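Heads up, the thing below is written out as structure tokens.
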Amino acid sequence: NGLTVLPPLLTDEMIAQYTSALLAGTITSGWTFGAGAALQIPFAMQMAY
Amino acid sequence: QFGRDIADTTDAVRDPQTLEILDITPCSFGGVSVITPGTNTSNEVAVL
Ligand SMILES: *[C@@H]1O[C@H](CO)[C@@H](O)[C@H](O)[C@H]1NC(C)=O
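Sequence lines, in order, name chains C and V.
Numbering of the first sequence is given in the deposited numbering, commencing with residue 856 and proceeding in unit increments.
Numbering of the second sequence is given in the deposited numbering, commencing with residue 564 and proceeding in unit increments.
This is the structure:
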């Protein structure tokens, strides 16, 4: 009827890959993966920071 | 004799001769989009 719906560029199964990467960074490496380097740190030491 | 969608678009009909029931779907239409590199790089294109 002239109306159309276009797909998003990032599919839902690919947004869920970014949210996984964001929290898998956050859980293993604190904030440092924002400042370039994903420096690992054990999680009870990240919570002390 | 005929049927409507949620938005009152007509989307089914009886054939009045054989009382079987037909769906109406719009004839397909959509934007022709030209994927191009910059003309500086090439004159080749792909069409979506
Ligand atoms: C692109 O086109 C312009 C205009 O002719 C020209 O100045 C420029 O050098 C070109 N660059 C390349 C990489 O083709």
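Cβ atoms here follow ideal geometry from the backbone N, Cα and C, with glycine treated the same way.
Proximity test, Cβ basis, 8 Å: residue i and chain C
i: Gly-593(V); result: yes
i: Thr-588(V); result: no
i: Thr-572(V); result: yes
CB-CB length for residue i against residue j, believed under 8 Å
i: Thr-887(C); j: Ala-879(C); result: Actually they do not touch by this definition, with Cβ atoms about 14 Å apart.
DSSP-derived helix/strand/coil call for residue i
i: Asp-867(C); result: helix
i: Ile-882(C); result: helix
i: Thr-573(V); result: strand
i: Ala-903(C); result: helix
i: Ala-876(C); result: helix
i: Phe-898(C); result: helix
i: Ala-893(C); result: coil
i: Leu-585(V); result: strand
Distance CB(residue i)-CB(residue j) smaller than 8 Å
i: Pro-589(V); j: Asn-856(C); result: yes
i: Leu-611(V); j: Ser-596(V); result: yes
i: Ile-569(V); j: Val-576(V); result: no
i: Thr-883(C); j: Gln-895(C); result: yes
i: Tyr-873(C); j: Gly-885(C); result: no
i: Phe-565(V); j: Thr-572(V); result: no
i: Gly-593(V); j: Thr-866(C); result: no
Min CB distance residue i to chain V below 8 Å
i: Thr-883(C); result: no
i: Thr-866(C); result: no
i: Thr-887(C); result: no
i: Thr-859(C); result: yes
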